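Residue numbers (this note's numbering), protein chains in the order written: chain G, 1 to 94; chain D, 1 to 60; chain F, 1 to 91; chain V, 1 to 114; chain U, 1 to 69; chain H, 1 to 244.
Virtual Cβ for every residue (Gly too), placed ideally from N, Cα, C.
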RNA sequence: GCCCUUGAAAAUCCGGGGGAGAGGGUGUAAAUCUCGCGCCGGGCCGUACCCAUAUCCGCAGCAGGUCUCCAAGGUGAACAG
RNA sequence: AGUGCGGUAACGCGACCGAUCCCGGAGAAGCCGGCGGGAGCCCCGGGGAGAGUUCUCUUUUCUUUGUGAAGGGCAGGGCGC
RNA sequence: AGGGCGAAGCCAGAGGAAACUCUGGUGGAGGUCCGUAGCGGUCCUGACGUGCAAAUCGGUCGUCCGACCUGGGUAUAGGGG
Ligand SMILES: [Mg+2]
Ligand SMILES: [Mg+2]
Ligand SMILES: [Mg+2]
Ligand SMILES: [Mg+2]
Ligand SMILES: [Mg+2]
Ligand SMILES: [Mg+2]
Ligand SMILES: [Mg+2]
Ligand SMILES: [Mg+2]
Ligand SMILES: [Mg+2]
Ligand SMILES: [Zn+2]
């Protein structure tokens with residue numbers, strides 16, 4: 001499961017939550033992975049999906065809706081897009 | 001003659017129980033009295049915060 | 001039960017209309033004024049606009065739903081059946 | 001106190017008969033009749049509830065008088081559509097066409113395979 | 001009406017074909033110069049008195065120059 | 001004596017329908033090559049309220065496939081429709097909700113509404129509010145389909161004739177009590193002059209056949225022939241059985 | 001906030017997408033949903049006064065009826081008296 | 001070469017070609033509550049000009065104390081930019 | 001007009017192991033109450049009863065955000081509306 005591996009990333013690794021910030025992380029070429037909630041707007045997703053394709057970056061569609069993902073980042077707010085810059089000691093990146 | 005009497009009403013006069021016809025809330029509405037207070041205390045709080053007297057968390 | 005023991009939303013109606021009717025209204029009267037979650041952004045803003053039409057204020061997604069609920073049960077059960085048959089037809 | 005009368009034969013207080021008080025140089029309060037409140041145009045997108053920027057919200061038969069620059073804005077879809085909905089239309093219309101090309105490529109490979 | 005800020009500009013407006021009366025209001029502390037045209041009544045505020053007295057001479061062919069009192 | 005309230009509703013006049021603010025008819029798309037052979041795609045531009053109607057409607061806009069021109073329709077909203085959704089329709093339409101396709105295509109047990117009673121009629125059966133029909137069974141030859149209507153009846157139908165998949169939106173309207181007479185008044189005012197209704201027992205015996213008497217009684221049997229001249233046909237018409 | 005109520009049409013006016021066309025050939029052109037200025041025009045009918053314990057309708061200068069706008073000080077909850 | 005230019009952008013600048021065609025907007029929206037801003041009026045403290053009172057008292061009480069539209073500037077509101 | 005009652009939602013504090021409950025606020029619901037204009041028309045079986053009036057007057061009354069009141073336009077005509 002992905003929730004478990006994220007937990008560790010959020011604890012120990014470096015990361016960034018949200019679309020304005022993750023698109024800046026990909027555009028820098030630092031972002032190693034991009035998680036998308038399922039409810040994300042369709043235009044947004046396809047835009048991000050293209051940005052990863054240009055930057056040769058992983059894109060993982062999360063199983064849950066943006067409330068679940070934010071819950072799954074350990075935040076009381078809700079996150080639709082999340083980039084993983086440096087995982088701490090997790091194998092979120094395979 | 002009125003002006004003179006209004007000056008009496010300032011001193012606190014012709015204003016006792018037996019010269020009131022309206023309910024207290026009609027005479028000074030509780031909502032307005034509340035509105036004043038919030039608009040005071042809140043104004044006091046954000047002045048305190050914006051002088052670094054009190055921190056974010058205290059303020060809240 | 002701060003202000004009322006057992007009328008809540010239907011305390012507006014006062015004594016009128018009878019106990020059963022007012023109890024019967026309390027169910028709907030609640031649900032219809034409820035703010036639901038916009039399964040589109042995920043904010044709690046799905047609010048009935050008029051009968052059968054619910055609008056997210058943020059999402060701006062107007063959504064044909066039930067008369068007093070964003071979803072009827074009937075609609076939900078119909079949805080799943082159609083999805084099942086769709087898969088049965090095409091394979 | 002100076003009370004006053006309407007200046008036109010329309011007695012009734014209506015959408016048409018709206019007024020305001022004005023002190024003249026003659027030092028008499030007089031009614032002036034007021035012009036209706038114009039609205040800025042809403043977006044062609046139709047989801048963005050907010051009305052458009054950089055346009056003189058004025059009663060539509062005025063626009064006639066106004067200069068072109070007042071009536072619009074320097075952009076593609078200028079003064080017809082809000083920016084946000086343009087820059088989403090743009091990248092949408094682009095990203096869509098890139099996938100249409102990808103499906104065309106996957107179709108052509110499948111023809112060459114078969 | 002229209003206020004003007006350059007003594008030259010008012011001189012150019014006064015020199016048009018459409019113009020006529022160029023009445024002059026000594027307000028004390030101000031001395032305006034109101035020059036009527038077809039459309040607009042142009043005015044020009046000239047704070048100095050000697051500069052207003054100088055301009056008085058500079059209006060051209062025999063316009064009204066109907067000084068106001 | 002008098003022409004009775006009831007006979008009078010036929011002349012229209014006061015009893016005609018109120019239709020100023022009504023947003024239009026709530027049809028289906030008309031058939032054409034695209035509908036007939038493939039599937040035309042349109043988008044749901046908005047969802048609407050239509051006075052005197054419990055179902056909400058849906059402005060659905062397509063592209064006319066002949067003139068450069070964006071034609072638009074008023075579908076009755078299938079429940080679970082929303083804006084910025086696409087609404088495909090035709091023979092080769094995908095069997096999901098808010099998607100109008102011929103009854104012959106769609107499998108058995110398939111729930112539909114706004115279902116064409118006769119091919120090309122533009123959507124006549126089951127278009128109320130919480131209502132729908134179910135496609136029972138197909139006869140491939142004869143090109144006919146059996147459909148179960150909300151009344152219970154099991155009507156036979158041409159397999160060509162279309163329907164929107166899913167039930168009608170705004171269901172369970174009638175679970176809420178009305179309570180206030182006022183609330184009744186406000187319902188029928190956006191419809192037609194049919195409300196506060198006076199019982200023929202109340203009336204004098206010139207304006208209704210139950211009228212008159214020293215006691216508000218009917219006096220004759222309240223069941224009646226349907227070979228009955230208009231003016232008597234009152235109470236329970238052709239009532240097969242009458243009680244609880 | 002309320003609605004099993006969802007609360008006018010049209011004339012008229014504008015914006016945008018498109019890009020069929022048009023412009024002159026190195027001082028000018030077509031162009032100004034023209035910017036600023038300049039010139040000429042805007043016909044037809046209504047326009048007195050009353051509008052109500054005396055100009056209206058109730059046979060009348062009839063205690064009846066007849067749609068609106070404006071709306072000072074004091075007392076007082078108050079357009080109450 | 002030349003169917004204007006500025007701003008990261010919201011957008012800006014006095015003008016800035018363009019047809020049939022298309023899309024959009026404005027015209028074009030219920031009632032009720034609360035709160036806020038702007039005026040008119042009222043109020044208070046004073047300046048003046050004219051008043052009334054004055055047997056005694058009263059720096060008195062009373063009146064009056066202005067700037068149209070249209071432009072330009074600037075507050076002051078609002079913004080789901 | 002102006003008052004009364006104070007429904008949902010919201011805040012804090014206190015208790016509760018939890019479930020949740022109490023206390024104080026805020027909030028302002030309603031074919032809610034009082035009560036003006038408005039609309040009406042209970043009683044006095046008052047006045048009047050060759051009247052002010054071919055149905056009026058006085059007090060007293062009902063209702064006063066809603067099946068509210070109301071102008072103009074428009075529809076329905078006689079065994080018909
Ligand atoms: Mg008019
Ligand atoms: Mg502009
Ligand atoms: Mg009777
Ligand atoms: Mg009979
Ligand atoms: Mg006159
Ligand atoms: Mg008068
Ligand atoms: Mg009597
Ligand atoms: Mg007598
Ligand atoms: Mg008399
Ligand atoms: Zn937009």
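Neighbours of residue 81(F) in chain H, taken as residues at a C-beta separation under 9 angstroms, are given in chain order as 109, 110, 111. Taking a C-beta distance under 8 angstroms as the contact criterion, residue 103(H) and residue 147(H) qualify as a contact pair. Distances from the alpha-carbon of residue 64(F) to those of 212(H), 6(H), 57(H) put 57(H) closest. Between residue 79(F) and residue 58(F), the gap from beta carbon to beta carbon reaches 8 angstroms or more. Distances from the alpha-carbon of residue 14(U) to those of 38(U), 28(U), 69(U) put 38(U) closest. For residue 27(F), the CB stays at least 7 angstroms from every heavy atom of ligand 10. Per DSSP, residue 8(V) lies in no beta strand (DSSP E) segment and is marked neither H nor E.
Per the DSSP secondary-structure output, residue 113(H) pairs in a beta bridge with 164(H). Shortest Cα-Cα distance from residue 72(V) to any of 62(V), 84(V), 56(V), 61(V) involves 56(V). Cα atoms of residue 23(V) and residue 4(V): separation of roughly 12 angstroms, rounded to the nearest angstrom.
Residue 125(H) is bridged by DSSP to 115(H).
Less than 8 angstroms separates the beta-carbon of residue 83(G) from that of residue 16(G). Distance between residue 43(U) and residue 61(V), taken at the CA atoms: about 32 angstroms. Residue 29(F) and residue 46(H) have their alpha carbons spaced roughly 26 angstroms apart. With a cutoff of 7 angstroms, residue 16(V) counts as near ligand 1, since its C-beta is closer than that to a heavy atom of the ligand. About 15 angstroms separates the beta carbons of residue 64(U) and residue 17(U), which is beyond the 8 angstroms limit, so they are not a contact pair. In terms of CA proximity to residue 40(G), 67(G) leads the group 67(G), 50(G), 71(G). When the beta-carbon positions are compared, residue 194(H) and residue 163(H) stay at least 8 angstroms from each other. Fewer than three pairs of CB atoms, one per stretch, sit closer than 8 angstroms, so the stretch 117-131 of chain H makes no contact with the stretch 57-72 of chain H. Residues of the same chain with a CB within less than 8 angstroms of the CB of residue 69(H), apart from the 5 flanking positions on each side, are 63 in chain order. The closest heavy atom of ligand 4 lies less than 7 angstroms from the beta carbon of residue 205(H).
Contact with chain V is found for residue 43(G), since one of that chain's Cβ atoms lies less than 8 angstroms from the residue's Cβ. Residue 184(H) sits away from residue 150(H), with the two beta carbons spaced by 8 angstroms or more. Here residue 14(D) has 5, 8 as same chain residues with Cβ atoms under 8 angstroms from its own Cβ, once five neighbours each way along the sequence are excluded.
Residues of the same chain with a CB within less than 6 angstroms of the CB of residue 71(H), apart from the 5 flanking positions on each side, are 62, 64 in chain order. Per DSSP, residue 102(V) is not a residue of any beta strand (DSSP E); the alpha helix (DSSP H) it occupies stretches across 83-113. Here the C-alpha atom of residue 61(U) lies approximately 56 angstroms from the C-alpha atom of residue 13(V). Within 7 angstroms of the C-beta of residue 229(H) there is not a single heavy atom belonging to ligand 4. Under DSSP, residue 77(F) forms no beta bridge with any residue. Annotated three-state conformation of residue 89(H) is strand, per DSSP. Chain-ordered, the chain V residues with CB closer than 8 angstroms to the CB of residue 50(G) read 95, 98.
Residue contact check for residue 87(V) against chain G: no CB pair falls below 8 angstroms.
In the same chain as residue 19(V), and ignoring 5 residues on each side of it, the C-beta atoms closer than 8 angstroms to its own belong to 6, 31, 32, 33, 34, in chain order.
If you check the CB distance, residue 64(G) and residue 38(G) come in under 8 angstroms.
For residue 54(F), there is no enclosing alpha helix (DSSP H); the residue is found in the beta strand (DSSP E) stretching over 53-56.
Taking CB atoms only, residue 91(V) has a neighbour in chain G less than 8 angstroms away.
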